[PDB]
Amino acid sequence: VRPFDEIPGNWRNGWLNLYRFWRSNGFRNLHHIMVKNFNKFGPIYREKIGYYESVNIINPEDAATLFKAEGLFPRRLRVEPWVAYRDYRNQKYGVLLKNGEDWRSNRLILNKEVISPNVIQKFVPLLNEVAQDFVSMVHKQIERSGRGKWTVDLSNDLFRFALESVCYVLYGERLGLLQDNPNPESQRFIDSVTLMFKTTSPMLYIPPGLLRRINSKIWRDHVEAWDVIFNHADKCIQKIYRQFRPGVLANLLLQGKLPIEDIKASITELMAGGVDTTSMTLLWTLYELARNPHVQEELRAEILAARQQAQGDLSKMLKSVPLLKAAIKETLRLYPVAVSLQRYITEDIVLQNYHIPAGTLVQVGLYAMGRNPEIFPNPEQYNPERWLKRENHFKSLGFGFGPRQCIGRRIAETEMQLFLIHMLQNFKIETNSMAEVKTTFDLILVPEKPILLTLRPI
């Protein structure tokens, strides 16, 4: 086998690479940087930028060997800003920040009430309710606008649908974000959530302790945002104990399997993990459905057929939409919520004939895989057919893979399906202009400029 010190890449000028990363852009084009590296060093490259070093792969086969050596307690990179807040406020770590035995001990409890098929069917009526209210809002706006159209940037509205839905199944209450005049308690909560995501982007590389040392507003606004999010969790917890004398939070407080401190930590991290993720995916999807109207009709045809063969039963209808679940994989292929999965190797492995010493951070380039003509034929075309009647697990890594995969993947899928089912039944999504839209990096994959979509009743 080839030694580690022979892997291609730029690990020999890490300090010059740190200069090239911050001199211009860089923190906005990490997804484009990876593609170039793979198109320059091959199916595997080793990179070092400052004190950061890692081995990267693109072939789904290599992701196999990677996930087989992650260990019993897989460890990804950490969210420095989010961890810094828990240390400052002496809060417990949730299922996302924990590692080792504590994560495993938690994950298993959380899985019974978040990802198990038993509770997924209990979430269907809840998610569908929010999905029905979103369609009502779109009709109202279309009525006002006249001519039966509504050209709008659904960015903010989709963010509200994501937050409204996740908080419905987690806390067991409707925040009312989809109204025309939401109550100030929810308007301040969504603003705090938004400010929280907006303040993490800067501290993903800039050490949080450094911004705290200079009393930067970035650090202060971050703490102020998490405070509101944690206080809204206490507000719920208190109401639930008052009602003792339903939601994920209520069931965890009933079973009394985890401490309230560990329950409050996880319930919060669960919300953060699926508010910006589901919202942007639902946006990229609506965008590609408008650039590819043939796919939108093909889906609409299948959903209308499933509506009648199911006889109202959403459970049956959700099992009868294979092309819809394939469209979700297709969106996550061109626009992955995370440009890479990270796993700290716990055993010496070999990838592409190269010894990878234990402890090494190996990343799986999801954005580069989904756009490689080799792994995916016709990559730049949105064709959900490529996923049906095909097999492929290591090609659809959008929600990760393994014991520490996305614990809310079923909640996300269900929510995104119910959304598309209700939206395609009532409206046709038309692109205001066939002009190209560019992708940038900031926490996730977001469009450079707003996406303007027209919604006509059908």
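In case it trips you up, residue 1 is the first one in the sequence shown, and so on.
- Going from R245 to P246, the model skips 4 to 9 deposited residues, which lack coordinates.
- Comparing 344-352 with 207-215, the stretch with the higher mean C-alpha B-factor in the PDB entry is 344-352.
- Higher mean CA temperature factor between 161-169 and 234-242: 234-242, per the PDB entry.
- Based on the entry's C-alpha B-factors, the most elevated value among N128, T194, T285, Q121 belongs to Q121.
- Across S136, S155, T200, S315, the entry's maximum B-factor at the CA atom is seen for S315.
- In the deposited entry, the Cα temperature factor of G274 sits in the bottom third of values across the chain's modelled residues.
- Among all modelled residues in this chain, the alpha-carbon of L453 has a temperature factor (C-alpha) in the lowest third.
- The deposited CA B-factor of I444 belongs to the lowest third of values across its chain.
- Annotation for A435: CA B-factor lies in the highest third of the chain's modelled residues.
- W15: CA B factor in the middle third of modelled residues in this chain (values from the PDB entry).
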